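First residue of the sequence shown? That's 20 in the entry's author numbering, and the numbers climb one at a time after it.
Every residue, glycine too, gets a C-beta built ideally from N, C-alpha and C.
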Amino acid sequence: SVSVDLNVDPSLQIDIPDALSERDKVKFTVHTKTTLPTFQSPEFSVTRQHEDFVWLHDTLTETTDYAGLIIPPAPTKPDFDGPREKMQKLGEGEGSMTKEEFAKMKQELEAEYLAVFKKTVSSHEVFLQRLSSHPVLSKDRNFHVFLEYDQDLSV
Ligand SMILES: [Cl-]
Numbered sequence: 020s021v022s023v024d025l026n027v028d029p030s031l032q033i034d035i036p037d038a039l040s041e042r043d044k045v046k047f048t049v050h051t052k053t054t055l056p057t058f059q060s061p062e063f064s065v066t067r068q069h070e071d072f073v074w075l076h077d078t079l080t081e082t083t084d085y086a087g088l089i090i091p092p093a094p095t096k097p098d099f100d101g102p103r104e105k106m107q108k109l110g111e112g113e114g115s116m117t118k119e120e121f122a123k124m125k126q127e128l129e130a131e132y133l134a135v136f137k138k139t140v141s142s143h144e145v146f147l148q149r150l151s152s153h154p155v156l157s158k159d160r161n162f163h164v165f166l167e168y169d170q171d172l173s174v
């Protein structure tokens, strides 16, 4: 009854193995392993912010030679407004609940926050993996710069 999709020595693999939120602004570590000779080394990482993924998506959709191609959708902007607001209300209510109840609700809201964080990391990673598997878009020079250039694209 085994039913397995097998991957053997893939040429280009991109993941986001770690991410940082600081006052709800996210820095994604974008990590590439590749056997392709078009990259400057076989394994490397860069830091990216959401705005950089939007730059990349916009650059690809504005490339007229890609009119016949399907560009994968941009990841959505991280949004922690919900759990953050609940945290602010909770903190204000600390005096009104037992220490036990507070600590339980605190850990629950932290779990909420983490779930939002994981989902956005998913939105961002899937986008890059969809690009990597496209036989044309994976070769795109702007996609390469996005993966390889270890400086802050925004500033
Ligand atoms: Cl952000």
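Assigned with DSSP and collapsed to three states, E62 falls in strand.
Where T78 is concerned, the enclosing alpha helix (DSSP H) starts and stops at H69 to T80.
Per DSSP, the beta bridge partners of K46 are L39.
Residue state for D84 is assigned as helix, using DSSP reduced to three classes. Collapsing the DSSP output to three states places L31 in a strand. In the structure shown, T57 falls within a coil segment according to DSSP collapsed to helix, strand and coil. With a threshold of 7 Å, the Cβ atom of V45 counts as near ligand 1, since some heavy atom of the ligand is closer than that.
Between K46 and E62, the CB-CB gap reaches or exceeds 8 Å. Under the three-state reduction of DSSP output, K52 falls in the strand class. Residue state for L166 is assigned as helix, using DSSP reduced to three classes. In the DSSP assignment, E131 falls within the alpha helix (DSSP H) that extends over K118 to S151. Beta-carbon to beta-carbon, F146 and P91 are separated by about 6 Å, close enough to satisfy the 8 Å threshold. Counting only residues of its own chain and dropping the five nearest sequence neighbours on each side, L133 has no CB closer than 6 Å to any other CB.
When C-beta atoms of the stretch 157-168 are compared with those of the stretch 72-85, three or more pairs fall below 8 Å, so the two segments count as touching.
Three or more beta-carbon pairs separated by less than 8 Å link the stretch 31-39 to the stretch 144-161, which places the two stretches in contact.
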